[PDB]
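# Opening piece of a complex, kept in its complex position:
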Amino acid sequence: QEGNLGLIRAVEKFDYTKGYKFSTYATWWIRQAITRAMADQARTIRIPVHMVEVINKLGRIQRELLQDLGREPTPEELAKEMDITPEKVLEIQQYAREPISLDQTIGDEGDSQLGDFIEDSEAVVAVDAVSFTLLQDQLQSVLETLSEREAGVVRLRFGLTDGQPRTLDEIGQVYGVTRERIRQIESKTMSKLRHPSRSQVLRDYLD
Amino acid sequence: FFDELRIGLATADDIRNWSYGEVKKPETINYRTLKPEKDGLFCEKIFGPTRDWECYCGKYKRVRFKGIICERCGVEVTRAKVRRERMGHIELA
Amino acid sequence: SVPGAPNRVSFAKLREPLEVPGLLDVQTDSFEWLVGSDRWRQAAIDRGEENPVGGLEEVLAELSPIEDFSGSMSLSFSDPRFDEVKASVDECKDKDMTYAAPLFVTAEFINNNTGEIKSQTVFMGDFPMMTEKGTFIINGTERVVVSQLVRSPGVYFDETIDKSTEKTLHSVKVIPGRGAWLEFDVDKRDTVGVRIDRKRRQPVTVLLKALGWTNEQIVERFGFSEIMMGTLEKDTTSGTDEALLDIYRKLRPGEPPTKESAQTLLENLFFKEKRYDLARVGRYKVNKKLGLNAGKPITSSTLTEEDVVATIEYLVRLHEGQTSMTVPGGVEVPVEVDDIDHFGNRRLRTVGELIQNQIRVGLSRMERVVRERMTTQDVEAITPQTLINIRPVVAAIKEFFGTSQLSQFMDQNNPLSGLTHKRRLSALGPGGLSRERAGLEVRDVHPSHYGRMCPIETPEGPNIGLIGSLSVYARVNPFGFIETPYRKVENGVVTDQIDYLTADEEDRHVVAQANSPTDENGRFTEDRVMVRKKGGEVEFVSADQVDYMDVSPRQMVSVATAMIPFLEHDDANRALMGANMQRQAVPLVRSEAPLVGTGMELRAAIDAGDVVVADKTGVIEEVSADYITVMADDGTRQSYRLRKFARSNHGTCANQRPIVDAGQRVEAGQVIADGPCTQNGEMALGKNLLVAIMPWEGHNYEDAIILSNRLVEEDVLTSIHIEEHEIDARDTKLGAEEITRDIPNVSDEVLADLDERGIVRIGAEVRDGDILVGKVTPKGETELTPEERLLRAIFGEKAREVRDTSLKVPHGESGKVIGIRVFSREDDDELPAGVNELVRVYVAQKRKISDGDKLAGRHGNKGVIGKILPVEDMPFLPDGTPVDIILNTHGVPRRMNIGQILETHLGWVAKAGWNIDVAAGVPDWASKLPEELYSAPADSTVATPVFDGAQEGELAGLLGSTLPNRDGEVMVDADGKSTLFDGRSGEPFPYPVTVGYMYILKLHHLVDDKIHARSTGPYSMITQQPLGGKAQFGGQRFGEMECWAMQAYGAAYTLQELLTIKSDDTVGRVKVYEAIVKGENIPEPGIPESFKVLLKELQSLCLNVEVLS
């Protein structure tokens, strides 16, 4: 079908006035269309035309240069003729990789599958889901309620109550004080809270 | 609550309704940067975000916003579990 | 025979006329044949063979000469060469590279159009040369090749009856080495319908007409049969072209027939070597079965039309039922139906032929590629090196070892296990009985197994029968048929001529049993002798009728089964179980040879290759724990390195230690060092300890075992186990992975035993979850939660952008680090692509016996350890010595293994010396006892050969003639029983109990590595279910029968909890866990992921599955 598309595009350019045959001109366009399609959608991961081009160059050179020495060329030999450095060659080789299917059966039987033993790195762990809540019930609830307005700056500074962290002046103007006053009260709060007498309870989460 | 399970023959309108987007392009994931494409089989706009309450363009990344559809890339900030709950449809020629 | 064999008195009454041959000849000789070593040709020539050819030389001679389409130029191969192995065995194994040596084949090129010729060597890859111990080393792992049992090529006459019409029909199935098979037939309607292939059926008369023979020729030779009389007039065809064209259309319908291609195609599939081939064995079998080419060594290896008409003639004679027939020109031969499981046509292909098949396939593909590449190149500057591309042969050889089901990890659980793995025979694998089918009929014993394949040793799983070990005396004929030795006998006299016989050639004669009596000269004492007979049956015959005899009583049993004392007193089932379990015995810290055993224990060690032996007579110069040195008698110095605390494939310790001292004059073939399970060069798989047979408070109920705490105090049954952990640092797209001491989010005390380069110190003790190698990897996730921001701002841990993905000890393993190895790309180590560094850490640990461990004897009496009791709770003899083990009485008779009682009694007799007085001559019960057995000292060792052991009368006399202890008294009476005092209450037991010394093993099915359990942890991604298996937190499976049991109980709620909350309810698991932690009420389960996924699948199939309420 792609060859048919190439034939169509060839016929919209074949020119009798030059005296050439239709086959001679149309072969080039047929090859163009077929190769463009075969390089554009022959992989599950689309390596673009310019990248699959260099991939084919590397493949052909690796296949051909073996006869010169009787070995499969390594990055040194490949780079010596690809006009590119070894690290880029390694990147190209990695880029040419293709994905395998999960449905392959492993274990000398048609019972298990390649995919049963995939451990999830994103799966929620219940304990952490609990722990954070406890922290939310220990940090925000107790330790915050010890300095009134002096602790109020922490609510806005770190955005614990909304999630939006605030700059100094931005929370100095909600009250009637300058940004440096906010910095000063924040320093007072940091010095008082950082002391071990209160940090002993809060430290054990990641001590 | 479960009382009985009906199995009908789905029509075209039901298939259209089941899908929040149409797959108009055959790529799965970008070979570089390893992210879904704008109209591929894994697009975030159709099946939802891959990161919990995040956005493709990064303009929205917090539970502060949920249910909001981004105005520049179309991904709505919501839990990543929707990627196993939403379907897509292909309109045949 | 063996210079260093410890003196072990034997109860043997018969004499050995043939010493046990090498126990690894089957592997080494086959490999030597494959490589064509001159040291194999020297032996092959002695067999009266002229110009013998090696297997690889045969593969090359197959493609010699080569030609193209028009025969303008010819190629040739010859003379394979081997220079030397790349590196040593130890270096090859420690550098996890592949053992191999280069292979060079001299190629030649001839130009027919010009007469120009040339030749040169061609590098044809690296061939994995075998080691001395009959194993290969690939990628740092030791592997073995197990033979494959298959059906030999030939003619298979067969018969079957019809259920409906009670008519019998015959067939002749022919299976070739390669190509398409064919089979004759005699239908119930007398139509002799051949099925030439998977294509359809037609009368054989057409098959015969299509090639040469006309209508009037068939009457010349078959004018004495009824079926062909009818067939020659039922059919109607006189034109050879029609018959040829008819068979052409039926073979390949829809193709254009031609009058010449009709003969061309039929000749291209039966009578040409390039498509259809019968190996050297196939022609031999067909010729002798039908009497063709009598005695001719002709090299033909493909069908001959004479043999086809001979086959139909044989079928005709068999259908009539005549006893014998004769082909005009051949020799007279008998007529009978052939057994298909009989070892006269079942043959084993060994390592040599298994490798040769892959070499042949690779060479064929290479020949295809070269015949393609030939066309483009010129005819003056071309050379074989330019033509040839060695890729396929090397790739196929490398694919064979790493992927073939017949290349197996060697069972290095103990020397005996490895010895009996190299000699294993397998019916499964490619080219054999498909595992899916696994016919139940072929598994049973056939009367030809005697002396060739052990009937007792088989796996107890579904592979029963299909796999068995080779016999002790068996050797493989060059054709692949197992021979066995027999003593030639004559007119009432046994001769000294021992001849190896095959099954078929043995079937012609009469073979007598070994135990039968003979005089000093060799005459048979008894008039009537019990012998075997052609039907594979046991009969009695007079002296004149006998024609052969077995070589020794042990001939029919394998090496492992031979090491079970008093085997003949044990049923086949328990003997099989004991033989299987003897291969599961883990070596102990200190080995002890059995007090009572067979005469085999010696050889089974020496031939196992795990004992260092002297290569030359001389004197030991200096001895050290790490290596030994010896000075030969011809001014030569040899040095042997001893392995120390090396890991085996299965995790055990492959330790070695010396047994000689400086200034000791050793002899050739004398053990110098012991293997894991060895003492003084004798196999030591377990410990001999005091046992009393009696029930005891139910702690040993239902075959459980009870142990004295002594066995734990003095480490009698302690074992060393070494695990091997790995981790590789490799690059990523966000950054490289680094190995360092420092890792985020840990205390400095966690890194106590970590080097500056991250790896733990040698000798440091590692607990569960400890750090073995610190390895940080890029993370790059900067937007932390505001609470974490606040906490990290409060304290000094400001921020980091990397993970703590260090290597940690598995949850359940512990020990001391005994070694570390590091491979780095910095020095161009052969790290597989995509890896920068790799580190291996060895963690070794001692294991004392404990509750739940498994111990078994040599007679299939395995049991778990129900209780370990203090030394003061054990029953003790009057002298005060407590018993170590006590076994339940009720298990002995019903399980039906009385050999253990005799083992215990003879063990007691051996432990305490015995002496029999001679006043009124020798006692009657000791009439035949050898002189050396009259008196022995204490702590002696005795040998009881299998099928020639101590009869119960002699053992009863020995029990009655025991020596006293230090106090001048006997604790065990003449009946093998002794009084015992209860360790708890102190009162003597009301009745005497039987006591002695039993040799018990420690099985690798330990409790230390089988206990596992899970509360909550990792899951599976796709299925959202907890994962299982070897990994930590391996969850359990709630199958279908469990659901049925719960349903039968009416447990609706518990079933729902086990199916939703605890398996795949993602939103329910967290809520249940937090409710438990808070102590709140468990929420009701939600919709499981399984149902949701099923609904989504059915929706994807355009089915509108809508839930109703």
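Okay, I see it. Numbering: from 1, shown residues only, chains lettered A, B, ... in the order given.

# only C-alpha atoms for contact and neighbour calcs from this point on.
OK.

# Chain C contacts on chain B?
Applying C-alpha under 8 Å from any C-alpha of the partner chain, we find that chain B lies next to chain C at B:1-11, B:14-15, B:85.

# Just put those in JSON lines and tack on secondary structure.
Converted to JSON lines, these look like this (DSSP: H, G, I helix; E, B strand; the rest coil):
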{"residue": "B:1", "secondary structure": "coil"}
{"residue": "B:2", "secondary structure": "coil"}
{"residue": "B:3", "secondary structure": "coil"}
{"residue": "B:4", "secondary structure": "strand"}
{"residue": "B:5", "secondary structure": "strand"}
{"residue": "B:6", "secondary structure": "strand"}
{"residue": "B:7", "secondary structure": "strand"}
{"residue": "B:8", "secondary structure": "strand"}
{"residue": "B:9", "secondary structure": "strand"}
{"residue": "B:10", "secondary structure": "coil"}
{"residue": "B:11", "secondary structure": "coil"}
{"residue": "B:14", "secondary structure": "helix"}
{"residue": "B:15", "secondary structure": "helix"}
{"residue": "B:85", "secondary structure": "coil"}
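
# tell me which of those residues is nearest to chain A?
Nearest to chain A among the residues of chain B next to chain C: residue B:85, at 16.7 Å, using C-alpha to the nearest C-alpha.

# Which of the helices or strands spans the spatially closest residue to residue A:125 that is not a sequence neighbour?
Distance criterion C-alpha to C-alpha, 6 or more residues apart in numbering or on different chains; nearest residue to residue A:125, sequence neighbours excluded, is residue C:1017 at 7.1 Å. Using DSSP states H and E, residue C:1017 sits in no helix or strand.

# Could you check how far residue C:1017 is from residue A:121?
Distance of residue C:1017 to residue A:121, given as C-alpha to C-alpha, to the nearest Å: 11 Å.

# quick one: which of the two has more around it?
Shown here are residue C:1017 and residue A:121; by other C-alpha atoms under 10 Å in any protein chain shown, residue C:1017 has more neighbours (16 against 10).

# can you list the residues of chain B near chain A?
Counting by C-alpha under 8 Å from any C-alpha, chain B comes close to chain A at B:27-31, B:62, B:64.

# who's in contact with stretch B:62-80?
Stretch B:62-80 is touched from outside by A:162-163, B:44-46, B:48-57, B:60-61, with contacts defined as C-alpha atoms under 8 Å, 6 or more residues apart in numbering or on different chains.

# What values do phi and psi take at the closest residue to chain B within chain C?
Per C-alpha to the nearest C-alpha, residue C:1105 is where chain C lies closest to chain B, at 4.2 Å. When quoted as degrees, to the nearest 10, the phi and psi of residue C:1105 stand at phi -70, psi 100.

# Isn't it up against residue B:5?
Yes. The pair residue C:1105 / residue B:5 is scored as a contact, 7.1 Å apart, by C-alpha atoms under 8 Å.

# Further, place chain D onto the existing structure:
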Amino acid sequence: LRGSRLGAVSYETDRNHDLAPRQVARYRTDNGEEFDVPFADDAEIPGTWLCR
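Let me add chain D to what's already shown:
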């Protein structure tokens, strides 16, 4: 082995009683159908959209 999903998990405080103000727009389509999209407080008013 460990598998990845090109994603991540977070557990911060969800809620509904406190929310950012949506700005709801509706789009008519060339096939005759209409759809709705809620946008953020930025008060943006996109003129064109690609619908389900």
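
# ok chain D is loaded, check the contacts of stretch B:62-80 again?
A:162-163, B:44-46, B:48-57, B:60-61, D:7, D:9, D:12-14, D:19-20, D:22, D:37-40, D:44, D:46.

# Now list the buried members of those.
Buried positions within the contacts of stretch B:62-80, assessed by neighbour count (16 or more other C-alpha atoms under 10 Å in any protein chain shown), are A:163, B:44-46, B:48-56, B:60-61, D:9, D:12, D:22, D:37-40.

# Can you tell me which of the contacts of stretch B:62-80 end up in strands?
When DSSP state E is applied, the contacts of stretch B:62-80 are split such that D:37-39 fall in strands.

# can the residues you listed go into JSON lines with extra columns for distance to residue A:8?
Putting the ones in strands among the contacts of stretch B:62-80 into JSON lines (distance: C-alpha to C-alpha, whole Å) gives the following:
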{"residue": "D:37", "distance to residue A:8": "43"}
{"residue": "D:38", "distance to residue A:8": "47"}
{"residue": "D:39", "distance to residue A:8": "47"}
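
# Just the element for the closest residue to chain A within chain B, please.
For chain B and chain A, the shortest gap (C-alpha to the nearest C-alpha) falls at residue B:31, measuring 5.8 Å. Residue B:31 is part of no helix or strand when elements are defined by DSSP H and E.

# measure the residue nearest to it when sequence neighbours are not counted to residue A:39 for me?
In space, and not counting its chain neighbours, residue B:31 is closest to residue A:45: 5.8 Å by C-alpha to C-alpha, 6+ apart. Residue A:45 sits 11 Å away from residue A:39, going by C-alpha to C-alpha.

# ok, back up a step: I'd like the distance between the residue nearest to residue B:31 and residue A:90.
Going from residue A:45 to residue A:90 by C-alpha to C-alpha gives 18 Å.

# Please apply the same query to residue C:344.
For residue C:344, the distance to residue A:90 - C-alpha to C-alpha - is 58 Å.

# same deal with residue C:934?
As judged by C-alpha to C-alpha, residue C:934 and residue A:90 stand 80 Å apart.

# Assign the closest residue to residue C:355 other than its chain neighbours to helix, strand or coil.
Of all residues not flanking residue C:355 in the chain, residue C:397 sits nearest, at 7.6 Å (C-alpha to C-alpha, 6+ apart). Classification of residue C:397 using three-state DSSP returns helix.

# right, and residue C:397 touches residue C:359 too?
Yes. Look at residue C:397 against residue C:359 with C-alpha under 8 Å: they come within range, at 6.7 Å.

# Who are the contact partners of residue C:585?
Residue C:585 is in contact with C:413-414, C:685-686, C:1001-1004, counting by C-alpha under 8 Å, 6+ apart.

# Could you turn the buried ones of those into a PyMOL selection?
In PyMOL syntax, the buried subset of the contacts of residue C:585 is picked out as below (16+ other C-alpha under 10 Å):
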select buried, chain C and resi 413+414+685+686+1001+1002+1003+1004
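
# attach chain E to the model above:
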Amino acid sequence: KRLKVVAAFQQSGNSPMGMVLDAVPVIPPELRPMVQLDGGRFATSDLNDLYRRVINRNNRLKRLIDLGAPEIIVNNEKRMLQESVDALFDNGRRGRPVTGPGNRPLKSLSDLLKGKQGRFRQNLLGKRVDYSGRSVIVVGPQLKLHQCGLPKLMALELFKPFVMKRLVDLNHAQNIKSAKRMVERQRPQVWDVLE
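To build on what is shown above, here is chain E added in:
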């Protein structure tokens, strides 16, 4: 027989239009995920391939109608589209099955539930469970009929959540994580709570 077939549609509400498709649904991606394994390997289910074979053949057809190609070209394209959709829904019931690299037929949607594997026959008959353990069994003659002996380590690790709850309840740990870490190394003062 034809009545027994047709009467199903009669008065059943479902019109026969269902068996002619104007749009083919796409199963959610997570059931056909694109997983990055160790070392950069990617793995993806065969469905992703089959779906592409549709989206390609459809797309090109959308082009061929635009160009007004001859009847033969468009007829062939529509035949390939029908064959590709048939392979997508249930492979192998017509012609030879579509195969991937090597020699193996791809698994279609119908193969997800019809064969030996799949939901109905394989995945719905049992599943793995948490809060469970396994070990060898030995004879306890000192046990009452309603008693069984459990190893200390197995019982502790299996009751871990209850152990932490009680430990934090009795002020042995200041928070859940502290109790968890204490139990990880089996501190001596937890057995009195486990019992």
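
# now that chain E has been added, could you go back to the contacts of stretch B:62-80?
Residues contacting stretch B:62-80 (C-alpha under 8 Å, 6+ apart): A:162-163, B:44-46, B:48-57, B:60-61, D:7, D:9, D:12-14, D:19-20, D:22, D:37-40, D:44, D:46.

# from those residues, which ones fall inside helices?
Assigned to helices by DSSP state H, the following of the contacts of stretch B:62-80 qualify: B:44-46.

# ok, which stretches of the chain are strands?
All of this refers to chain A. For chain A, the strands defined by DSSP E cover A:119-120.

# Hmm, no, I was thinking of chain E.
For chain E, strands defined by DSSP E occupy the ranges E:23-26, E:34-36, E:42-44, E:127-129, E:132-134.

# closest to chain A out of those strands?
Closest among those, using C-alpha to the nearest C-alpha: strand E:42-44, at 4.5 Å.

# Quick one: residues contacting residue C:939.
Applying C-alpha under 8 Å, 6+ apart, we find residue C:939 in contact with C:595, C:910-913.

# I believe it is in a helix; please confirm or correct that.
No. Looking at residue C:939 with three-state DSSP, it is coil, so not inside a helix.

# now it: how far from chain A?
Separation of residue C:939 from chain A (C-alpha to the nearest C-alpha, to the nearest Å) stands at 51 Å.

# Enumerate the residues of the stretch 351-500 of chain C near chain E.
So the stretch 351-500 of chain C never meets chain E (C-alpha under 8 Å from any C-alpha).

# if I read this right, residue C:1076 contacts residue E:164, doesn't it?
No. Using C-alpha under 8 Å, residue C:1076 makes no contact with residue E:164, being 9.5 Å away.

# which of the two has more neighbours?
residue E:164 (28 against 17).

# Residue C:810 versus the residue lying closest to that one once chain neighbours are set aside, what's the distance?
Using C-alpha to C-alpha, 6+ apart and skipping the chain neighbours, the partner closest in space to residue E:164 is residue E:179 (5.4 Å). Distance, residue E:179 to residue C:810, using C-alpha to C-alpha: 21 Å.

# okay, these two: which has more neighbours?
Ranked by neighbour count (other C-alpha under 10 Å), residue E:179 and residue C:810 place residue E:179 first, with 23 against 14.

# residue boundaries of the helices in the chain?
You didn't pick a chain, so chain A it is. Using DSSP H, the helices of chain A run over A:2-11, A:22-40, A:49-69, A:75-82, A:86-95, A:126-138, A:149-157, A:168-172, A:179-194, A:196-203.

# wrong one, chain E
Ranges of helices in chain E, per DSSP H, are E:2-6, E:46-67, E:71-89, E:152-169, E:176-184, E:191-194.

# Columns distance to residue C:872 on top of those helices, output as JSON lines?
Below are the helices of chain E laid out as JSON lines (distance: least, C-alpha to C-alpha, whole Å):
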{"stretch": "helix E:2-6", "distance to residue C:872": "85"}
{"stretch": "helix E:46-67", "distance to residue C:872": "68"}
{"stretch": "helix E:71-89", "distance to residue C:872": "75"}
{"stretch": "helix E:152-169", "distance to residue C:872": "26"}
{"stretch": "helix E:176-184", "distance to residue C:872": "36"}
{"stretch": "helix E:191-194", "distance to residue C:872": "29"}
